[PDB]
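Below is one structure, written out as structure tokens; the observations come after it.
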Amino acid sequence: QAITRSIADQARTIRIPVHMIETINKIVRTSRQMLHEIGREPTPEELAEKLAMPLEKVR
DNA sequence: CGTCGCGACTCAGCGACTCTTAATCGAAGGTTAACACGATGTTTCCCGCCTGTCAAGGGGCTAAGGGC
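Letter by letter, the first sequence follows residues 477 to 535 in PDB author numbering.
Structural data, given as structure tokens:
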């Protein structure tokens, strides 16, 4: 928890927030699982509904 | 009358900064526990004060035409 709490801040050079880091990690994990099971890379508009979040927020 | 007890000695050894001078084209890949109030900003309208139209009215100044 401390590494994930600190890696999410002092790793991007811009100090991305912890919740945004976890959201982008969830997005990349969903994209990886889709590439592994479904097939080709999904569109960014599809990842918004794949995680049950706003379509504009994922963009 | 020898050496060794005890001292320096310089020799090796080990580390370490630059790669002329202008130029042939711009970006560049990964790492994947879950949730919760709280205090902290973010973003919309909504009136407050104020700013800017053109208009209406008018008068006052300027000037042009007519009469003696």
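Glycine is no exception: its CB is placed at the ideal position from the N, C-alpha and C atoms.
Among the options, the one whose alpha carbon lies nearest that of residue i
i, options, result
"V494", "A484, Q477 and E521", "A484"
"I503", "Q477, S482, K526 and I490", "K526"
"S507", "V534, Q477 and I479", "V534"
"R505", "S482, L523, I490 and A478", "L523"
Straight-line Cα distance separating residue j from residue i
i, j, result
"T499", "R516", "22 Å"
"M529", "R488", "24 Å"
"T480", "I497", "9 Å"
"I514", "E521", "16 Å"
"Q477", "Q486", "15 Å"
Residue i - DSSP class collapsed to helix/strand/coil
i, result
"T506", "helix"
"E525", "helix"
"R481", "helix"
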